[PDB]
Amino acid sequence: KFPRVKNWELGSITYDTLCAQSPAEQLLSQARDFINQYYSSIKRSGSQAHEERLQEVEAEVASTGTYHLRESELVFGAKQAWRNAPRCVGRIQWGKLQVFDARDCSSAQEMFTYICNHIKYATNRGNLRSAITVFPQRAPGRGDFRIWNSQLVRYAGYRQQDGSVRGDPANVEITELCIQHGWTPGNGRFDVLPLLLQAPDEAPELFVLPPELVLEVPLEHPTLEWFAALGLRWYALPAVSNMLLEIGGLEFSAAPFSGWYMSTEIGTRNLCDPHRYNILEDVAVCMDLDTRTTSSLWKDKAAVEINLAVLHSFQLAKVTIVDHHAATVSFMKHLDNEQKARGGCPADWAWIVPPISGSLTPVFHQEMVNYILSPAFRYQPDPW
Amino acid sequence: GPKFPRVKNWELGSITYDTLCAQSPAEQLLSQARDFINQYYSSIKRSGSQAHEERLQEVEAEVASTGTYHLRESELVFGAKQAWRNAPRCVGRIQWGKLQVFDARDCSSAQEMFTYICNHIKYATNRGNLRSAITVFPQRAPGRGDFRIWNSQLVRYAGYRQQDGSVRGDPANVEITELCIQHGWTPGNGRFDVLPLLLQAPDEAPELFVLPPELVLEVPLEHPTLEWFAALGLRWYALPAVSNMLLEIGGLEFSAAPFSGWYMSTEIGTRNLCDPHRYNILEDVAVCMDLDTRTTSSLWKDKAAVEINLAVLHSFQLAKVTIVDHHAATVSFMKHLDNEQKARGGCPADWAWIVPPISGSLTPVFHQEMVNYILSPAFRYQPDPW
Ligand code: HEM
Ligand code: HEM
Ligand SMILES: CC(=O)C1=Nc2c(nc(N)[nH]c2=O)NC1(C)C
Ligand SMILES: CC(=O)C1=Nc2c(nc(N)[nH]c2=O)NC1(C)C
Ligand SMILES: NC(=[NH2+])NCCC[C@H](N)C(=O)O
Ligand SMILES: NC(=[NH2+])NCCC[C@H](N)C(=O)O
């Protein structure tokens with residue numbers, strides 16, 4: 001059962017041998033395995049340090065049913081989780097990640113402070129830097145530390161009693177939850193949501209982000225003057241905050257991570273999805289395109305200009321962003337580095353190929369094997 | 001549902017369960033035959049009928065005395081349409097019930113293959129008002145050689161390896177171009193030389209047939225607003241007619257059974273014209289559009305690809321040759337998924353192949369999960385005859 005992996009452009013073949021790695025004694029084997037990975041990473045396998053670390057872990061599990069990671073191990077595990085993430089096109093960057101140890105956090109108030117520091121650090125005035133903040137691990141006793149928001153920065157979606165949405169339709173539910181916990185809403189298309197942060201077994205608490213922390217890019221087109229008139233904008237920092245970070249069998253239910261955007265995320269998905277902002281028709285009408293027939297390719301033309309406007313606007317504002325051609329070229333290089341380093345690379349083809357111009361990027365022609373290695377970022381249920 | 005795969009649409013939030021995938025030596029043949037006979041009797045709603053039981057008995061007796069069996073005409077038609085309906089990579093299946101089946105199971109020479117193929121091309125092309133069709137040559141037989149069409153499609157452009165390592169024409173067709181020459185063809189030297197057919201009758205060297213050029217409808221490509229685009233001298237043929245696939249029905253194997261529909265525009269505009277290892281015109285067109293080809297972030301690739309696709313659509317429309325854009329096609333495919341959910345409880349579909357190679361998430365199929373599996377009757381890949 002060993003997968004053959006073909007590139008259809010170049011006719012070349014690799015083999016993925018990494019996928020062969022795809023109660024209390026159960027946590028123990030995950031832990032050992034992770035400790036093994038860590039001491040191999042620093043070239044210290046078999047050392048006294050390695051053997052004694054394995055014993056602390058074993059001793060702690062045998063008597064408490066759990067254990068704790070050292071800071072340097074946490075840092076390693078976080079990088080490895082990103083590296084292992086099948087859906088991430090940005091993994092050429094995996095070794096470059098600021099890890100904020102937030103395991104000494106004991107209240108929603110403190111989560112907020114750590115989160116603000118993350119945003120400040122990550123944003124860096126537009127010169128974006130990848131970062132993760134790791135809050136305290138799950139404990140069999142009690143509730144989880146959770147950030148209820150799906151990203152640290154996201155726009156409200158206000159439902160109308162005629163079923164339409166003002167703002168982002170993806171965030172209707174979190175918006176409602178914010179109002180219910182006492183937030184007085186705005187009424188714009190691009191209102192930044194407050195944070196709902198929950199400490200163990202408490203009601204979540206509401207925290208408004210200080211506006212100067214949230215860097216935003218107004219969208220304009222390099223040649224179409226009317227584009228600025230649409231009043232569109234997007235935030236600088238993509239910071240996923242609902243995913244669970246699993247390292248050595250330990251689970252970090254709150255561990256938000258950020259990098260920078262690939263342009264199609266905003267340009268195509270966020271702005272053109274019919275269940276998101278759905279601006280395709282507006283732009284095409286502005287461009288004076290024939291909307292009445294699919295065969296004018298009015299959708300394709302509008303979409304390209306919208307993506308161009310996103311790149312232009314971010315570059316104008318000096319905010320780090322990567323276009324889908326550049327991002328996929330570098331993913332190809334990453335795939336190649338990982339073949340030499342680990343003998344394969346978990347990748348989810350349907351997520352890696354961009355949502356416009358698929359076959360124009362080299363990843364479209366590249367077969368990919370999807371599998372789950374640990375450390376991992378995993379989905380977890382919403383806390384309500 | 002239970003342990004039927006749950007299938008979600010992310011655009012509308014809706015859920016279906018696929019219940020169809022539950023049906024995914026000589027004894028081998030018999031049970032495939034019986035399963036197919038059962039399917040044929042469902043489709044005419046006579047399961048358990050006396051004629052159903054007689055057909056089953058008739059088939060086991062034929063396999064018993066000969067090691068093989070033969071299809072009634074109407075079974076062949078049902079089986080061909082069903083192979084199309086089951087084809088996971090086909091985005092055009094809304095059309096599956098409208099298929100002209102030419103029965104060519106009496107064919108006995110390569111010369112007769114050519115006559116049948118010419119008839120097929122004439123009928124399917126129909127001066128631009130294209131009609132789906134398949135021509136079925138005789139099935140594999142124990143001890144005797146196969147009927148094969150060596151060409152991958154009935155209509156394909158030559159690809160000539162140059163002195164300097166580059167390719168003139170279509171690089172996808174270098175190997176078949178060279179076989180035609182090995183077998184006696186005098187090669188041209190254009191970018192768009194229609195290949196001759198190499199056709200093989202049982203236990204015989206393939207023979208070479210040149211298609212009369214008036215049977216091969218082509219469309220010159222022009223752009224509705226970019227006047228210079230016509231000057232590129234680009235063109236494409238009207239008729240996509242896959243010829244190298246095996247049609248399997250009830251365990252019988254039709255090694256030569258070419259089928260044709262009409263094009264969806266991205267097949268030509270994006271894959272055939274813009275793939276780096278095909279005609280690779282992306283950069284040439286962007287230069288003519290005066291785009292900045294030195295930087296990825298001008299989106300020159302995306303812009304040129306759109307205009308090439310628009311050129312294809314516009315030009316086919318102008319020539320009054322049937323073609324479908326990737327929006328119309330994917331919309332019709334969603335409607336097919338809905339029909340099939342009701343008819344059969346699911347639809348085998350290969351997401352990677354169904355989502356078009358440009359503007360993916362702009363089409364509804366991007367947001368639709370799909371389950372991939374093999375049902376029979378089927379179109380199958382088969383080894384090249386050489
Ligand atoms: C450095 C810049 C980065 C770029 C350009 C990038 C690019 C992307 C893109 C385009 C996606 C698909 C997301 C979607 O369609 O919603 C993605 C997913 C993901 N990336 Fe990244 N990435 C970056 C950094 C990071 C970092 C720092 C991490 C964490 C350490 C990370 C982990 C992930 C994970 C776990 C997913 C899956 C998210 C999900 O399932 O919703 N990436 N990445
Ligand atoms: C009526 C118009 C039709 C349209 C628009 C259409 C559309 C397509 C498209 C776009 C593909 C992908 C091919 C590629 O990327 O190379 C495809 C594949 C296919 N279609 Fe169709 N189709 C049509 C008719 C037919 C007919 C008549 C049959 C057979 C009776 C058929 C069976 C197939 C099969 C077997 C494949 C897979 C081909 C392969 O593996 O190379 N389709 N279809
Ligand atoms: C909605 C849907 O099907 C998709 N959604 C996404 C996707 N890729 C990325 N990067 N992000 C998606 O949200 N591809 C699939 C096709 C899985
Ligand atoms: C070259 C390659 O990987 C592809 N090739 C094709 C494709 N879809 C279609 N319709 N046709 C392809 O040739 N998608 C995948 C990604 C499988
Ligand atoms: N580039 C990233 N790290 N993205 C994480 C997902 C962000 C999400 N796709 C968005 O458009 O907001
Ligand atoms: N629409 C069809 N029936 N396509 C069959 C495949 C044709 C192949 N994609 C080509 O571009 O020549």
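Convention: sequence-line order gives letters A, B, ...; per-chain numbering from 1. Quick note: numbers below take in every heavy atom, side chains included, and nothing from hydrogens, waters or symmetry partners.
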Classify the ring geometry of A:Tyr39 against A:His50: parallel below 30°, tilted from 30° to 60°, perpendicular beyond 60°.
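A:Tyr39 and A:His50: parallel rings.
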Return yes when atom [atom1] of [X] has more than 12 non-hydrogen atoms of other residues, nucleotides or ligands closer than 6.0 Å, and no otherwise.
X	atom1	result
B:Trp10	CH2	no
A:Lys333	NZ	no
A:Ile42	CD1	yes
A:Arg87	CZ	yes

Going from [atom1] on [X] to [atom2] on [Y], what distance comes out if it is rounded to the nearest 0.5 angstrom?
X	Y	atom1	atom2	result
A:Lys79	A:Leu97	NZ	CG	7.0 Å
A:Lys6	A:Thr14	NZ	OG1	12.0 Å
B:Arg148	B:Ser243	CZ	OG	9.5 Å
A:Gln37	A:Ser45	CD	OG	11.0 Å
A:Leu250	A:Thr66	CG	OG1	5.0 Å

Looking only at the side chains, is there a donor atom on one of [X] and [Y] sitting less than 3.5 Å from an acceptor on the other?
X	Y	result
A:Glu367	A:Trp349	no
A:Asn337	A:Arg91	no
A:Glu246	A:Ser374	yes
A:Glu51	A:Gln55	no
A:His324	A:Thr264	no

Just by modelled atom types, is the [Y] backbone N or O under 3.5 Å from a matching donor or acceptor in the [X] side chain?
X	Y	answer
A:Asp273	A:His275	no
B:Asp170	B:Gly159	no
B:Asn86	B:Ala378	no
B:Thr177	B:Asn173	yes
A:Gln93	A:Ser130	no

Could you walk me through whether B:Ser297 and A:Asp323 pass side chain to side chain donor-acceptor pair (under 3.5 Å), step by step?
CA-CA 6 Å; B:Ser297 57; A:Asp323 76 70; 4.6 Å; no
Note: A:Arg103-A:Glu71 ion pair, threshold 4.0 Å (strictly below)
no
For a side chain to side chain contact (heavy atoms under 4.5 Å, CB included) with A:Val134, tell me which candidate from A:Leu74, A:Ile247, A:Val75 qualifies.
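Exactly one pass, corresponding to A:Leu74.
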Check: B:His336 ring centre within less than 6.0 Å of B:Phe333 ring centre
yes
May I ask you to test the A:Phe314-A:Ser263 pair for a side-chain heavy-atom distance under 4.5 Å?
no
